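Peer 1: Sequence and experimental coordinates follow.
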Amino acid sequence: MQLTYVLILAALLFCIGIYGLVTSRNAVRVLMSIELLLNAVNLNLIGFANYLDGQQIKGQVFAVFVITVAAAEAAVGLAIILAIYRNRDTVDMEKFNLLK
Amino acid sequence: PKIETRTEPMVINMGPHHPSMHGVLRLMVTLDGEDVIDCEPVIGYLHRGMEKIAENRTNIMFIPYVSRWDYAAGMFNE
Amino acid sequence: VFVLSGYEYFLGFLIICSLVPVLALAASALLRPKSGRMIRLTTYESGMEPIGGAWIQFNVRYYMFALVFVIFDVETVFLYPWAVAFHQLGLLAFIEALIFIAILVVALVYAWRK
Amino acid sequence: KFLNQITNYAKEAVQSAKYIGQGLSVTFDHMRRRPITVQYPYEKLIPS
Amino acid sequence: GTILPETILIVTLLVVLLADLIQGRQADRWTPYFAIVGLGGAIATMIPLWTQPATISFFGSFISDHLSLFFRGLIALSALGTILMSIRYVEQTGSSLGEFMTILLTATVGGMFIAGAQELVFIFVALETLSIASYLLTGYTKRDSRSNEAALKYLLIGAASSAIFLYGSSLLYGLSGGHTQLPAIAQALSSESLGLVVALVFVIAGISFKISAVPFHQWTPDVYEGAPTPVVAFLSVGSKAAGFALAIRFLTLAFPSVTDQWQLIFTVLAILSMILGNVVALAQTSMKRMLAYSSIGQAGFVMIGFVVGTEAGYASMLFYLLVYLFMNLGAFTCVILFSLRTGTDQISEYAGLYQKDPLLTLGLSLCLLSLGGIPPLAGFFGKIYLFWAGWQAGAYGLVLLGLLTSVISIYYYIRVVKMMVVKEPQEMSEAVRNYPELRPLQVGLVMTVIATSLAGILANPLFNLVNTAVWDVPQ
Amino acid sequence: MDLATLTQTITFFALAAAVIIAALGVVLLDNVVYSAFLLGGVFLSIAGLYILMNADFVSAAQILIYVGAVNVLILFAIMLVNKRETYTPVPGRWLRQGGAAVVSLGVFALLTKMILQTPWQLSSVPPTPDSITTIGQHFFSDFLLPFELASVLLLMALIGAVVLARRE
Amino acid sequence: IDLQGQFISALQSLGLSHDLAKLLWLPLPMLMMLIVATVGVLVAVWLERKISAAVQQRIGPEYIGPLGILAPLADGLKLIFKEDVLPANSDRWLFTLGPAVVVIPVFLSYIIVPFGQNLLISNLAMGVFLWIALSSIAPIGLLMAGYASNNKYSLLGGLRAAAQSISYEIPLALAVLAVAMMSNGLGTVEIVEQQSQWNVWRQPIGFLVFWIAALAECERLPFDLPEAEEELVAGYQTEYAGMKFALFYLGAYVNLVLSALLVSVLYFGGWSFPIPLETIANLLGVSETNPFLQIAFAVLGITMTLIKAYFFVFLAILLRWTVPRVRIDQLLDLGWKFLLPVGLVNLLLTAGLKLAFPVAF
Ligand SMILES: CCCCCCCCCCCCCCCCCC(=O)OC[C@H](CO[C@@H]1O[C@H](CO[C@H]2O[C@H](CO)[C@H](O)[C@H](O)[C@H]2O)[C@H](O)[C@H](O)[C@H]1O)OC(=O)CCCCCCCCCCCCCCCCC
Ligand SMILES: CCCCCCCCCCCCCCCCCC(=O)OC[C@H](CO[C@@H]1O[C@H](CO[C@H]2O[C@H](CO)[C@H](O)[C@H](O)[C@H]2O)[C@H](O)[C@H](O)[C@H]1O)OC(=O)CCCCCCCCCCCCCCCCC
Ligand SMILES: CCCCCCCCCCCCCCCC(=O)OC[C@H](CO[C@@H]1O[C@H](CS(=O)(=O)O)[C@@H](O)[C@H](O)[C@H]1O)OC(=O)CCCCCCCCCCCCCCC
Ligand SMILES: CCCCCCCCCCCCCCCCCC(=O)O[C@@H](COC(=O)CCCCCCCCCCCCCCC)COP(=O)(O)OC[C@H](O)CO
């Protein structure tokens, strides 16, 4: 239980979330991957606050804000997905390409 | 293992097993978002053939039978 | 380092409480009739047969009621440390928290008006 | 226009509270009366 | 503490509520005004605290120097110009206007806050306030599938960019002990390490998404086609304003200028932007997509202002960022006015507009030529100052690429004036053959067109402004 | 070298293994609802990791918001979009999959080198136990602008989401 | 007395690594609370079946034990031996997990139930807030029980259950907020020790909001929508047979004794035989190390907690047979249209009264 371990764990969670954000084909799974990424960030913030700045904890308030806004961005993203589904009638992210 | 929601009128079967006192009635009802588009009541789960029996019983032989059409009050039909 | 006092019990009790279902549901599995496979394994539709198709007629009835819940769920998280620390703050924190609550009230009115 | 709606809302809410309190009192009264249960196996009901 | 610097934002904030409650009660409202009035009051609130007081800090969490006031007024003016265009546009669509202006004003508030913010937490909060409202505005016209796909694409790119920027911010908070402040980080870490380089690149990844620096550009061509056109007008002026403001306030003041590898990174991104955004824009068929790639190219132009930062490159950057407002608001107002009347279409349908509607042609050609850098016009002097601030420092190659790309841009900017003027009655497009024959749209068009034609030669009054703003950048 | 530290190490590595397995399940599993529930699993494990880092308030806040609000929202939305998943395979797939894999592994190796190389300032002083009163002090002294602007953020998010997910 | 002191000391007298003794003691309270929770569940089932019978001029179970005391034991042992069914196309792992996710966090919230001071498992710093956070996992359990079923009957019940359990979580939090304003904190012992001479008399609106929200947790016949037999057959429960159904049957009464104890400790106090007892210096008792007085006051505190928990269990299972049901839309209007505004109003009122009169708050 050291700072380096928590940071490596957060970096690996960032890695997995990126893989899921780029590879996955369903449309809600990319949002879940974004949530994984934001958790990987909050873990960095709480590790730094616990080890470096332990008295006037400032990574924990920043983490509270990150959690708030991840909830908000999810609330907006599922709305965007419902809107696109109501018209295209699918969530296959390899069918939202109106280009060449 | 799931039900695959899709934008249509949904048909639900409030079938013969009514966990109430409202006899056996099937009531296939369709609905569009907490409404009722049209229902098809499926009666007949208790047709025992009283009309064909009454043609083969004398009156005093049939008078115990009648107390069944509309259970409750089993004296109106008597 | 760990200075959170009260923790030792939440871990042990979490274990002992998670062990209650996975033990009762295993004792029930040891002593209970075997299989009942053939037609015991159908879906209850009041005795009749499933109509076929079997969809739900999707409704936003229960996305909006979860959106508005997420909003105020975040609101309560923002309001808890204000209430717990209302002693050292005093005035001029009541004003800012009141602005916060007024904005959330306008949010609720907007959600209730549509 | 807007005050009549609010006074109707209050006259409905207080009425709904009183008409729940009354039922609560009635039910709490019901548990003093002797049960009418005819405890069959040891209190068989003599027929007509 | 010193909430005076906020009497510019809270004003707009009040409008957000008042132009919302009125939509709760009325639902058929005149909120377009008292929203223009709200932004006018927010801008007029800057005169008392532009020169009268010195530079002030809220709690270290916000600063109100002259550069902050400049960028705040810039974003407020972009929102004021966008409100005018979007009146008859989203009303012609079967949608509401108050629920759109609330989102637009919230995006404006976020962009105005991110300008003067100098703390990690508040920077993140202002950036996300901008991004969420940008997504919501992009996907507003929920009937069209292009708008929905554009909003989904923009949200998935912007949220990932924000996650990367947040990882950078967390690293930056962890390297320098605590110190969520920006200036308190420069004092803590003052030496290049691997962590500092990683934090720098991860912040750049989220900055370049806002300012549209390639390879972080691939969303604007797909968002400008999808979004409602006034949203695109606010998105090409206000969003870049906020992004460049945050880049100046972040890189210069937080990342200790001893680690000026970002000048190399931005040289790379500017070269790549100039090359791509002007070469690919040359082969386009729709006006909105052409303007998207043009906007990438112009961001590449601006990015040679603060890549050679010498108190004259910053002034050149700010002057071009101020002129770009008049150019693009006027170039999008004419696009809206054309797609409203009958067209609703692409470049090929502009052929023959000089006969049917000459005012729209005289207004759109002026702005396209200004964007190209044609003499006396607002764009020529902006580009000449950008290029001389680049030579005067030593960046020969950057300027010699900017000039060649300016020629490449003159080509496809004059290719539209071609269609608008050349045609005889037999070569009108099918959209002009039956061209018919909204006051705020015209009163915004005229204003931006007369500004883009006079802010070039009457440039001396707004050079002292830019200089007193640049005096605040550290070096 | 203790019974407390041994528990704090075993629990940390157990929660880390839970995080890794559930996070791989979120993104690799073919069924989407299994991912929707393993996401709540990830959130619960991270909530435990916070408690193990002397942050008791933010863990409870995460359990409220992530595995109580965002997870329920994701489950509802995953139910709303069920159409039996007729995903036809696309040719240009191994390209993007391999690119994502290699860029992920490279970024992870780079971050791990950065983390193992930089000399963090550990500042060996025990943290504070009353971590919620401090967060309450920072909402109205230092982080007043973000605390005040989060309200407008939530309001604009509510407005825009109701507008996008409305039915008409 | 401090039974923990004696246990660890007598266990360290024979060696056994004193620090290890403190680990050898956790199971003792961690299973004492399990024992009292299970006895509370049996009591709740018995009280429901015997009070619903008295209300209706009837007699409950009387041929099981002496007074039907063995009726919950029989109803549980039956469900143990029952064959479990898993329908045709239902999922196999979210099926057997719903009834456990709806139960584990209901048990875990017993960390904070005091039963007198020094008589609770690890008075936590998050206390009631941890309970607010943990009571948000059951909707995942209901969505899991609905999603893993081939029965569209029960998916519609799981959805309307998970949509009711989230409607009554904001007011249930805004009532505890006003309580924590006065309580200076969140730990239950620190919440209750402010009663040193009761919060119901200073939070007469927050009490109503808290109680209504707790009764509307898919619990009582005032609402009980996913259990409302007539409108729909058992909702999501309509496919669980053996112990998997007993987990629902059990996680709904423990979730009632829990709420009764919590209303007791928040608004009334698991201490304080109404007179300010600890000012019984009139018997010249040296409480501090009085070997007994300690046990006497312990028994008094336990009895005073159970009286006010039983008061609310009684009142809940009395309202079950007094208040008519609401459809689902008259339900979702209590929260978000009456309970959420009144919760916010109560919070603002407590704030205004704490800022103006810091005494008594
Ligand atoms: C299904 C539901 C029912 C099932 C029953 C449960 C199964 C257990 C069955 C065993 C029962 C036998 C136990 C005899 C009870 C006497 C033990 C006692 O009171 O012991 C009390 C001690 C006291 O602890 C000490 O108490 C001290 C002082 O009391 C304090 O207690 C509170 C805290 O302030 C009060 O506020 C009080 O003022 C305060 O001074 C200090 O607080 C010390 O820190 C603390 O360690 O705790 C302890 O060991 C108690 C720990 C054991 C808990 C078991 C209690 C069972 C309840 C029995 C109640 C009987 C009621 C009357 C019975 C006769 C009928 C009329
Ligand atoms: C080698 C193999 C080994 C394997 C191990 C497995 C084998 C199991 C061993 C035997 C099983 C015994 C199980 C129960 C034994 C009783 C233990 C006990 O007495 O444990 C005592 C415990 C512990 O708490 C007590 O706590 C105080 C000490 O303080 C410390 O105690 C706690 C622990 O620290 C708290 O943290 C507290 O804050 C802390 O300061 C007391 O003075 C004692 O010291 C201490 O023991 O009591 C409490 O936890 C309070 C909870 C009980 C309260 C009772 C209220 C009772 C409810 C009423 C009953 C009727 C209910 C029916 C109706 C219900 C309707 C609702
Ligand atoms: C001091 C205690 C010492 C031991 C205590 C054990 C208690 C629990 C276990 C009871 C002993 C038998 C268990 C075997 C498991 C099993 O079911 O085997 C399968 C056989 C079924 O028979 C079988 O049926 C089988 C088919 S079938 O699957 O059952 O349908 C068939 O294969 C087989 O031939 C046929 O015989 O069943 C049994 O053996 C017993 C099952 C039911 C026994 C219930 C006892 C109730 C006790 C609980 C109450 C006590 C109160 C608290 C006490 C602590
Ligand atoms: C909502 C679903 C769950 C979400 C979160 C799940 C994650 C779990 C939460 C993680 C808990 C955190 C880590 C626990 C810390 C353990 C060590 C520790 O807490 O230190 C204490 C002591 O630690 C221990 O002794 C505990 C170690 C034993 C715990 C092991 C689990 C018990 C298992 C059941 C009992 C089995 C016993 C029989 C085994 C043979 C400190 O003591 P204190 O509170 O008194 O403070 C002062 C101290 O006494 C001296 O200054």
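Peer 2: On my side now, so go ahead. Residues are numbered from 1 along each chain as shown, chains lettered A, B, ... in the order given. Ligands and ions are numbered 1, 2, ... in the order given.

Peer 1: Which residue comes closest to residue E:357 once chain neighbours are left out?
Peer 2: Spatial nearest neighbour of residue E:357, chain neighbours left out: residue E:435 (6.6 Å); criterion: C-beta to C-beta, 6 or more residues apart in numbering or on different chains. All C-beta spots, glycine's among them, are computed from the backbone N, C-alpha and C.

Peer 1: In terms of helices and strands, where is residue E:414?
Peer 2: Per DSSP states H and E, residue E:414 falls inside helix E:396-422.

Peer 1: Would you tell me which helix is longest in chain A?
Peer 2: helix A:59-88 (DSSP state H).

Peer 1: That one close to chain G?
Peer 2: No - judged by C-beta under 8 Å from any C-beta of the partner chain, helix A:59-88 and chain G are separated, with a smallest distance of 12.3 Å.

Peer 1: which other helices and strands contact that helix?
Peer 2: When contacts are defined as 3 or more C-beta pairs under 8 Å, 6 or more residues apart in numbering or on different chains; DSSP states H and E, helix A:59-88 packs onto helix A:27-51, helix C:64-84, helix E:120-138, helix E:145-175, helix F:56-65, helix F:71-80, helix F:131-140, helix F:144-164.

Peer 1: Looking from ligand 3, tell me which residue of chain A is nearest.
Peer 2: At 41.4 Å from ligand 3, residue A:1 is the closest residue in chain A, using C-beta to the nearest ligand atom.

Peer 1: That residue against residue F:7, yeah?
Peer 2: No - with contact defined as C-beta atoms under 8 Å, residue A:1 does not reach residue F:7; the gap is 10.2 Å.

Peer 1: Can you tell me how far the nearest residue to residue C:46 once chain neighbours are set aside is from residue G:197?
Peer 2: In space, and not counting its chain neighbours, residue C:46 is closest to residue B:15: 2.9 Å by C-beta to C-beta, 6+ apart. Distance of residue B:15 to residue G:197, computed by C-beta to C-beta, to the nearest Å: 62 Å.

Peer 1: Those two: who's more crowded?
Peer 2: Using other C-beta atoms under 10 Å in any protein chain shown, the more surrounded residue of residue B:15 and residue G:197 is residue B:15, with 20 against 9.

Peer 1: check contacts around that one.
Peer 2: By C-beta atoms under 8 Å, 6 or more residues apart in numbering or on different chains, the contact set of residue B:15 is B:26, B:27, C:45, C:46, C:47, C:48.

Peer 1: Now do the longest helix of chain A and helix C:64-84, the angle between them.
Peer 2: Helix A:59-88 and helix C:64-84 are oriented at 170 degrees to each other (axes from the mean of the first three to the mean of the last three C-alpha atoms, to 10 degrees).

Peer 1: Mark which of the contacts of residue B:15 are buried, thanks.
Peer 2: B:26, B:27, C:45, C:46 (16 or more other C-beta atoms under 10 Å in any protein chain shown).

Peer 1: so what's the spatially closest residue to the third one that is not a sequence neighbour up against?
Peer 2: What it means is residue C:45. Spatially, and ignoring its direct neighbours in sequence, residue C:45 is nearest to residue B:13 (5.7 Å; C-beta to C-beta, 6+ apart). With C-beta under 8 Å, 6+ apart as the criterion, the residues that contact residue B:13 are B:26, B:27, B:28, C:45, C:46, C:48, C:51.

Peer 1: In the stretch 201-350 of chain G, what residue lies closest to chain A?
Peer 2: Relative to chain A, the nearest point of the stretch 201-350 of chain G is residue G:336 (15.8 Å; C-beta to the nearest C-beta).

Peer 1: Quick check: that residue touching residue C:109?
Peer 2: No - Residue G:336 lies out of contact with residue C:109 (C-beta under 8 Å); the separation is 11.4 Å.

Peer 1: Compare those two and say which is more crowded by neighbours.
Peer 2: Counted by other C-beta under 10 Å, residue G:336 and residue C:109 do not tie: residue G:336 has more neighbours, with 20 against 13.

Peer 1: Quick check: residue F:10 is in a helix.
Peer 2: Yes - counting by DSSP: H, G, I helix; E, B strand; the rest coil, residue F:10 is part of a helix.

Peer 1: Distance of it relative to chain A?
Peer 2: Using C-beta to the nearest C-beta, to the nearest Å, residue F:10 is found at 10 Å from chain A.

Peer 1: what's the strand or helix carrying residue E:195 packed up against?
Peer 2: Per DSSP H and E, residue E:195 falls inside helix E:194-211. Applying 3+ C-beta pairs under 8 Å, 6+ apart, we find helix E:194-211 packed against helix E:145-175, helix E:229-247, helix E:262-279, helix F:94-117.

Peer 1: at 6 Å what do you get?
Peer 2: If contacts are counted by 3 or more C-beta pairs under 6 Å, 6 or more residues apart in numbering or on different chains; DSSP states H and E, helix E:194-211 sits against helix E:145-175, helix E:229-247, helix F:94-117.

Peer 1: mind listing what's buried in that helix?
Peer 2: E:195-196, E:198-200, E:202-211.

Peer 1: Can you get me a residue count around the residue in the stretch 1-150 of chain E that ligand 3 sits nearest to?
Peer 2: Closest contact between the stretch 1-150 of chain E and ligand 3, by C-beta to the nearest ligand atom, is at residue E:148 (55.9 Å). Using other C-beta under 10 Å, residue E:148 is surrounded by 26 other residues.

Peer 1: Hmm, it is touching residue A:82, no?
Peer 2: No - Residue E:148 is beyond contact range of residue A:82, at 9.6 Å (criterion: C-beta atoms under 6 Å).

Peer 1: quick one: the closest residue to ligand 3 within the stretch 201-350 of chain E from residue E:129, how far?
Peer 2: Residue nearest to ligand 3 within the stretch 201-350 of chain E: residue E:202 (60.4 Å; C-beta to the nearest ligand atom). Applying C-beta to C-beta, the value for residue E:202 to residue E:129 is 20 Å.

Peer 1: Stretch F:38-54 and chain A, are they touching?
Peer 2: Yes - under the criterion of C-beta under 6 Å from any C-beta of the partner chain, chain A is reached by stretch F:38-54 at F:39, F:46, F:50, F:53, F:54.
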